[PDB]
Amino acid sequence: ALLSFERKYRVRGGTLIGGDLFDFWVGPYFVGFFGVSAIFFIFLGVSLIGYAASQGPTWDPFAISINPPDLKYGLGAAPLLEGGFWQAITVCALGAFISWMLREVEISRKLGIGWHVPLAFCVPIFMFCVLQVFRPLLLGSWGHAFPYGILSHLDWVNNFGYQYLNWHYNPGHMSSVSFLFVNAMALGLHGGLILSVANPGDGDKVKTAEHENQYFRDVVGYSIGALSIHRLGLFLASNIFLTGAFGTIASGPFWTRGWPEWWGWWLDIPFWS
Amino acid sequence: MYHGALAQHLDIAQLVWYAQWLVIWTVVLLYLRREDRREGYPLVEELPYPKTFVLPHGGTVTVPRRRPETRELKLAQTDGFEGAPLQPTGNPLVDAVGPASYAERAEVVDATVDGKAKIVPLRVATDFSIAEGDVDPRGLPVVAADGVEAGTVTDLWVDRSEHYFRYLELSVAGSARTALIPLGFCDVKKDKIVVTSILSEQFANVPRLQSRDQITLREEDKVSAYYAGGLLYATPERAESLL
Amino acid sequence: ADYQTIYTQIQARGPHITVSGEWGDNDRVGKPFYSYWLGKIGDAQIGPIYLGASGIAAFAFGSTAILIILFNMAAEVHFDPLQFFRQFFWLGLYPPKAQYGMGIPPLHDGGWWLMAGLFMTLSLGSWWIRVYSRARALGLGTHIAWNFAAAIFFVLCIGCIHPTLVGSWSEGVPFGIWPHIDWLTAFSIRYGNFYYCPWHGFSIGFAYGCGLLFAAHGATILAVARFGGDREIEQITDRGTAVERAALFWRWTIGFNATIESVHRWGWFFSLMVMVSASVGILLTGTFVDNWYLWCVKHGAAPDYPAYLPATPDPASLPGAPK
Amino acid sequence: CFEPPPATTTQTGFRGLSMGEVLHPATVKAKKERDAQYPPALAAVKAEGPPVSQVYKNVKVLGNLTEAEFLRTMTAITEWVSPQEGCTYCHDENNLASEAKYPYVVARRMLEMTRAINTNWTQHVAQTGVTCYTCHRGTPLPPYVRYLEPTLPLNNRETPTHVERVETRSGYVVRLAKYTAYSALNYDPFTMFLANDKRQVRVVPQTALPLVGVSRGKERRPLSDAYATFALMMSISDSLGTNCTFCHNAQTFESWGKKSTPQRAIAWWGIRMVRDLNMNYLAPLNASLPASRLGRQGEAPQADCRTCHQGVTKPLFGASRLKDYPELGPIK
Ligand code: BCL
Ligand code: BCL
Ligand code: BCL
Ligand SMILES: C/C=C1/c2cc3[nH]c4c(c3C)C(=O)[C@H](C(=O)OC)c4c3nc(cc4[nH]c(cc(n2)[C@@H]1C)c(C(C)=O)c4C)[C@@H](C)[C@@H]3CCC(=O)OC/C=C(\C)CCC[C@H](C)CCC[C@H](C)CCCC(C)C
Ligand SMILES: CC(C)=CCC/C(C)=C/CC/C(C)=C/CC/C(C)=C/CC/C(C)=C/CC/C(C)=C/CC/C(C)=C/CC1=C(C)C(=O)c2ccccc2C1=O
Ligand code: HEC
Ligand code: HEC
Ligand code: HEC
Ligand SMILES: CC(C)=CCC/C(C)=C/C=C\C(C)=C\C=C\C(C)=C\C=C/C=C(C)/C=C/C=C(\C)CC/C=C(\C)CCCC(C)C
Ligand SMILES: [Fe+2]
């Protein structure tokens, strides 16, 4: 049930709220007050998806879709089968996300480590709010949000991008895309480096941290460092949504044309026009 | 006629879809998930055959480790439930339980690539120094969590393999000893080193080194774990609820 | 709070280390210098750098490709320095616009494009030798080289392999900021919406997956930097409490965990699968699939929606409609 | 750089597909005011009398009207075409039956073209229709015309800069860009798609698998056709002041039915109408117009979407003069 080095860490404490009341384990999982509330919102959310899906025309996983209301309903309540189910599932999703994050804070405190992981988990929760709450609020209706469906929510992303002619020219998009590329590149570089030092091949000796910095000083002339690549990788990954949140919330509230035309601030400067 | 069409209503891109799922789950479940089990297994209270590393400075190791000795835990179970938390039976900082726990690392000195001791104080690493513009902590007071001066910084321990300071050494006030503290537990100001992990009196029981001018891998674990245990155990309130 | 995870409070200086390789120690060039502000979030030493034959061949082949691109771009503005600096994002080198099949297109309609791509292919191959040989010279595994080769392979797929499989140099990627962007939409339109290519979704999941992994892994090592978690090579061969607490964080959160070594195998595998998935999708595109959306419609996977505005017949299908 | 909130948004597809218009009220307001300059209908006149085919000397199209009904149209045409030059823009002041001025012979062909649009192209103009004003907007040269090469600015009433001039070769890319909604697509979708009926706008297959005989080598259309279609669609979107979801469900651009809006079908008739107007009415006019009206290849000014729409999904937001001037169509 326990790892070979787990028992000495299985002490009480580190909780935010609840005290000893929920400070226990269920198998390998830790519970806490936020593990209870997480199961609460997940059960409530999965239930709502099931009841709404039974009312639909298909049980095919790729075809099921739970969509937001019509634009005319605005930010008010919507009929259960005409957007209400979407509204309740969204509330449950946020509850499960925020509970999952605070649960991670409690596990961090019991282990005596920093809160770096739950703080980083706030980034994808923040972007989810930009799409489903913040941008809908600025535009005036919940129907501007994406639907909950495996293949249907891709059509949302597709139409939304074309609503502004060529979404590729979105400057917040170009930044979000650049971080997505460089982060996946840096993870292959870094994961490959550590494995190259510990697995030199044949029956050779495991190399050193000196070998790490020497390889990348040879290839590119600079090595950022063992600890610094972990601060960098978290910075590159987080800025996929941090910079992308700008371009998404500007499409509509702050810009209604096609994104190629936005670049007229440069192209249309009078002295070289 | 169509390119890629096969028998029945089948086509080539359809076949590769099944092949792609098979390869992905084969790599995930039959390889990556078994490499995840090279530490902490087997469980107590599917496994890969052992992996053996040839160490850079002589000798080998095979993971996971089987230590010739094991420690006795000063912990008391809170209840008979299989997933009940444990409870310290004494001083958790010196007993090293919970966040104060350290691992049974090798009692060997971590070495540079050319065989020298990696973590050494600047009194030994005379070719090293602090960069121009940063605070030289030597001679500055160490202020603990209760606001009391715990001692005075005497040296910095540098990693000669990465050119990175990792500890401060301070004379413990009224104890005729020096203790090491990881720089992560130090808030370096211009006139003081702030340490909120433990109180001033708790600096007396920081694990001591066997040699004055070097440190082993297990001693580094013991020193780091003691301050981390203070995040939960320095005062009775840190083990309770925040709200 | 661990302030070291934010920046280096006290930077250390020392004699610069040189680890000898099997060959090429004499080909390292440059006097190292130290940036104070770079040292706060990384190592302060910049340089030296290794040259070598493959690294030199990469610069020669690569500068040739770039020079061919920039010259053709300067001609598009008739060698006006102001307009070139202005219109730079819009200028480009294009593949053949007419259909010559696999015949080497004229210089004014795709010839310069095919030649810059040849030199770019030689530049990438040269740089892979350097990435591969530097690991062998230092006694390291080729884990980075083989990840690099998958990215080079995907570039070959959209650059010449798929053009050869369908038999037209017109399907290749143009050189340029906006022009290579515009290719993405024409390539998705032509082949029936890339959102319905399963390997597109596979490559997207792995690309998102590298974002999740480096955020979780990077933050985890920062969280255990108080115990020297960044000293990972020696945490592999001699487990410390840093990666013990790290494994137990994830074991107590998601019910399982990896090792400090294997989490890198996950990260190296996810990054690799971004290119492997994208390549297989380009190789199937056009060769055996003409319309990915209808391909999903053929297999019943496409989602359908009720009519909001009334359905619209194809007017070209109407009786008596013009051609 | 950015446009303030709030924005006008409509819904053109099923909820959750993010289909619909995204408008800026300040832009729509300025266009609504500009299009409100449409002179109201002239008052009704006496319906009894001889036909001008009897009364007058050189009437060839409007011969069935009475004199009062015929001079009314002669006033509206002047209001719509040449209100500042007056009657003598097209007429010899001393003989109104003479064709001695080039605008006379062009205006008669335009009278025929106007009746043709309202009679033969109702699949598009419907009961709204077009008059002289729909394009001319009060000037003899319509503000939004095309030549056989890109030109800037789009509104010919604006003074061009040096680089905007078609003679300056260093600004060609910008002349191409602004006609395709500032994109870098390297194709002129007017001469390619709207000047005549030679090319096929549709480029996406209607088969799941590649059909044998059209899928390899020189059997294939070049992928340049996909860019060019994309270029026409950015020009169409800009000239109407709209986006794709006004017409397509971006799920499947090539599919109709529930994947297309009713406006996409009207747009399809609009493409066939532009080609008819350019090929059979506007292009042959280069033999009647003076050399100062022609393009660098001897071409007369020709029409695209923006000639009538001028940035609005409907010309003049749907304003109509059809019932007020039956002599302009539909023709029984
Ligand atoms: C025609 C369509 C457009 C287009 C339309 C859009 C639109 C529209 C948007 C993007 C956005 C993004 N685009 Mg795109 N995009 C296009 C082309 C591209 C290309 C390319 C090579 O061409 C790339 C690389 C990208 C890439 C990207 C991303 C980097 C970026 C952010 C994604 C995001 O917000 O995820 C969001 C992900 C989340 C919110 C996940 C949150 C997860 C939560 C916290 C946890 C979930 C737990 C789960 C329920 C648990 C289940 C239990 C199981 C046990 C696991 N796009 C084309 C041109 N793109 C966005 C952006 O930022 O734009 C500026 C955006 O809004
Ligand atoms: C603005 C940008 C868009 C966007 C654009 C795209 C595009 C484009 C693609 C995806 C793809 C996917 N997206 Mg999406 N996606 C967005 C936001 C979300 C949200 C959310 C909480 O908002 C979720 C749950 C998802 C989930 C998913 C998966 C179904 C899939 C693979 C992702 C992946 O590997 O991630 C990294 C995470 C992991 C590798 C870990 C495992 C995660 C598992 C797979 C999550 C399963 C979720 C499943 C739907 C069940 C949900 C809960 C049920 C109630 C049980 N996306 C936003 C709205 N997404 C791709 C695909 O194939 O879709 C079918 C694809 O092509
Ligand atoms: C309208 C536009 C289309 C679209 C069109 C395409 C097309 C077309 C392709 C992709 C592909 C990809 N798309 Mg896209 N895509 C869209 C929407 C999305 C969305 C989204 C949320 O909507 C997402 C997340 C993505 C994401 C992705 C990527 C994961 C994927 C792989 C490419 C990549 O990573 O390249 C980043 C990495 C590289 C380019 C590798 C580079 C490696 C080399 C070695 C670097 C050399 C550097 C050197 C200095 C260069 C010197 C040059 C000198 C001249 C010498 N797309 C929409 C639907 N997408 C590909 C794919 O998977 O197809 C199946 C693909 O071919
Ligand atoms: C920029 C930084 C990023 C990043 C980072 C990090 N990511 C983290 C952490 C960090 C740091 C963690 O520590 C945490 C974790 O422990 O990981 C193992 C986590 C996790 N990242 C998940 C998914 C994930 N991350 C994505 C995005 C990024 N992550 C980007 C890249 C995407 C994308 C792109 O789609 C996905 C799918 C889960 C696996 C996990 C949360 C589980 C949860 O919260 O459980 C609690 C909730 C549930 C078990 C389900 C609740 C169901 C609701 C009620 C009903 C369904 C609603 C739903 C909207 C329906 C959708 C339909 C669908 C078709 C639209
Ligand atoms: C039964 C019941 C109701 C119990 C109540 C208690 C309770 C709260 C139970 C939770 C139940 C729930 C919701 C379980 C679902 C948990 C989830 C979301 C599982 C998703 C798993 C997935 C797909 C993760 C994606 C990321 C991924 C592919 C990880 C594989 C590799 C791993 C394990 C990375 C994690 C990992 C990282 C990132 C390190 O850095 C590290 C460093 C040193 C040692 C180990 C590690 C390590 O394991
Ligand atoms: C822009 C074009 C235009 C304008 C403005 C214009 N004319 Fe006309 N006019 C024509 C054309 C063309 C015809 C021949 C139409 C036909 O054959 O039915 C014509 C025919 C006539 C005739 C018939 C004479 C004959 O015997 O053939 C009269 C009278 C006339 N116009 C009067 C007027 C008046 C009155 C005005 C202004 C108040 C005016 N014109 C301004 C173009 C114009
Ligand atoms: C007002 C009308 C309208 C607008 C706006 C519009 N479309 Fe089109 N589009 C059409 C019509 C009609 C066709 C069919 C052309 C034909 O039948 O000859 C078409 C054709 C297409 C095609 C090719 C269809 C095929 O079978 O090959 C694509 C792709 C496309 N449009 C995408 C777009 C894009 C991209 C945009 C904007 C950026 C856009 N549409 C905006 C009306 C429109
Ligand atoms: C010479 C006249 C003319 C030209 C050229 C023209 N339009 Fe139209 N169009 C009209 C008129 C008039 C209407 C008003 C029809 C109505 O009220 O329903 C209209 C209506 C439309 C509509 C319907 C909008 C709605 O809200 O119902 C679309 C879509 C459209 N045009 C697209 C196009 C396209 C596509 C082209 C060219 C390729 C084009 N227009 C060029 C005259 C024109
Ligand atoms: C000043 C400094 C430091 C750097 C300058 C960089 C610079 C300004 C470059 C100039 C303009 C820019 C930014 C251009 C950007 C171009 C981009 C983004 C291109 C992106 C993709 C292009 C691709 C993938 C092209 C691939 C082409 C190929 C793989 C061709 C393969 C060719 C062959 C196999 C030839 C064999 C056939 C034989 C019979 C001829
Ligand atoms: Fe790492």
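The rules we used
Residues numbered from 1 in each chain as written, not as in the entry; some residues may be left out. Chains lettered and ligands numbered in written order. Heavy atoms only, no water. Residues with missing side-chain atoms left out of burial classes, pairs and counts. UniProt positions renumbered as here; feature names shortened; annotations may be inferred. Helix = DSSP H or I, 4+ residues; strand = E, 2+ residues; numbered from the N terminus. Donors = N, O, S within 2.8 Å, 3.2 Å for Na, K, Ca; no water. Buried < 20%, exposed > 50% of the residue type's maximum accessible area, 1.4 Å probe, protein only. Contact = heavy atoms within 4.5 Å. Nonpolar A, V, L, I, M, F, W, Y, C, P; charged D, E, K, R; others polar. Pairing = 2+ DSSP bridges. Near = heavy atom within 4 Å. Polar contact = N/O pair within 3.5 Å; in protein donor to acceptor, adjacent residues only side chain to side chain. Tetrahedral: all angles 85-135°; square planar, octahedral: opposite > 155°, others 65-115°. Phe/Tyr/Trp six-rings, centres within 6.5 Å; stacked < 30°, edge-to-face > 60°. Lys NZ or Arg CZ within 6 Å of the ring centre and 35° of its normal. Domains from an automatic or database assignment. Buried area = accessible area lost by both parts, 1.4 Å probe. Salt bridge = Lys/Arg side-chain N within 4 Å of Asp/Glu carboxyl O.

Structure determination for this entry, per the PDB record, employed X-ray crystallography and reached 3.500 Å resolution.

Another aspect to go through is the UniProt feature "transmembrane region" in chain B. Sequence positions flagged by UniProt for "transmembrane region" are, in local numbering, residues 12-30 of chain B. From the first C-alpha to the last, residues 12-30 of chain B spans 27 Å; its make-up is 100% helix and 0% strand.

What follows concerns the coordination of the iron atom of ligand 7. Within the protein, the iron atom of ligand 7 binds to D:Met233 (SD) and D:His248 (NE2); these donor distances fall in the range 2.5 to 2.8 Å. In this structure D:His248 comes out as buried when scored by relative accessible area, which is 14%.

Before going further, it helps to spend a moment on the interface of chain C and chain B. At the interface, 53 residues of chain C touch 69 residues of chain B. Mapped by element, the contributors of at least two residues to the side of chain C that touches chain B are β1 (12-13), α6 (198-223), α7 (232-237), α8 (241-254), α9 (262-284) and α10 (292-298) of chain C. For the side of chain C that touches chain B, the leading source of residues is α9(C), giving 8 residues. Its residues placed into classes, the side of chain C that touches chain B shows 23 nonpolar, 15 polar and 15 charged. Two strands pair when backbone bridges link them, and strand β6 (residues 129-130) of chain B and β1(C) are joined in this way by 2 bridges, in the antiparallel orientation. Considered in β1(C), the bridge of B:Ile130 is made with C:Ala12.

This next bit is on the site of ligand 6. Residues and elements named next belong to chain D. Taken together, 22 residues lie near ligand 6, and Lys-57, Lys-60, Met-74, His-91 and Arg-108 sit nearest. Within the backbone of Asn-58, a nitrogen or oxygen atom sits 2.9 Å from an oxygen atom of ligand 6. At a separation of 2.7 Å, an oxygen atom of ligand 6 approaches a polar backbone atom of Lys-60. Put simply, the parts of the chain that give the shell around ligand 6 at least two residues each are α3 (67-80) and α4 (102-120). Per-element tally for the shell around ligand 6: the top contributor is α3, with 5 residues. In terms of residue class, the shell around ligand 6 is made up of 15 nonpolar, 4 polar and 3 charged.

Residue and element names in this part refer to chain D. Only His-124 (NE2) and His-309 (NE2) from the protein reach the iron atom of ligand 8 as donors, at distances of 2.3 to 2.4 Å. With 6 donor atoms in place around the iron atom of ligand 8 and angles of 75 to 177° between them, the coordination shape is octahedral. Residue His-124 is found in helix α5 (residues 122-125), and its partner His-309 is found in the segment after α10 (262-282); the two are separated by 185 residues along the sequence.

Right, let's get into the side chain of D:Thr168. All names here are of chain D. Note that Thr-168 resides in the loop between α6 (133-136) and α7 (172-178). The exposure class of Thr-168 is buried, given its relative accessible area of 12%. At 2.7 Å, the side chain of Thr-168 forms a polar contact with the backbone oxygen of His-162. With near-sequence residues (within four places) excluded, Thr-168 lies in contact with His-162, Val-163 and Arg-175.

The geometry of an aromatic ring pair is captured by two quantities: the separation of the ring centres and the angle between the planes. Within the structure shown, the criterion is met by 67 aromatic pairs over all chains. Here C:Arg226 stacks its cationic end above the ring of B:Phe185, 4.3 Å away from the centre of that ring.

Here the focus is the domain arrangement of chain B. Residues and elements named next belong to chain B. Taken as a whole, chain B is organised into domain 1 (2-104) and domain 2 (105-243). Using C-alpha coordinates to define each centre, domain 1 is positioned 32 Å away from domain 2. Between domain 1 and domain 2, the contact holds 12 residues from the first and 18 residues from the second. In terms of residue class, the side of domain 1 that touches domain 2 is made up of 8 nonpolar, 3 polar and 1 charged.

Here we come to the interface of chain A and chain C. One frequent convention defines the size of an interface as the accessible area lost when the parts assemble. Each partner contributes to the interface: chain A provides 88 residues, whereas chain C provides 93 residues. Taken together, the two surfaces of chain A and chain C that pack against each other cover about 8400 Å², and 66% of this comes from carbon and sulfur. Our count for the chain A to chain C interface comes out at 5 salt bridges. Linking C:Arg134 and A:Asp218 is a salt bridge whose minimum nitrogen-to-oxygen distance equals 3.2 Å. Along the contact surface separating chain A from chain C lie 44 residue pairs in polar contact. Those elements that place two or more of their residues in the side of chain A that touches chain C are β2 (29-30), α2 (84-111), α3 (116-139), α4 (152-162), α5 (171-198), α6 (209-219), α7 (228-250) and α9 (264-267) of chain A. The dominant element in the side of chain A that touches chain C, judged by the number of residues it contributes, is α5(A), at 17 residues. Its residues assigned to classes, the side of chain A that touches chain C shows 51 nonpolar, 23 polar and 14 charged.

Surrounding ligand 1, one finds 25 residues, the nearest of these being A:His168, A:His173, A:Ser176, A:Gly244 and A:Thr248. Mapping the residues adjacent to ligand 1 onto the chains of the assembly identifies chains A and C. A:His173 places a polar side-chain atom, nitrogen or oxygen, 2.9 Å from a nitrogen atom of ligand 1. Contributing elements (two or more residues each) for the shell around ligand 1: α3, α4, α5 and α7 of chain A. In terms of residue count, the dominant contributor to the shell around ligand 1 is α3(A) (6 residues). Here the residues of the shell around ligand 1 are counted per class, giving 19 nonpolar, 6 polar and no charged.

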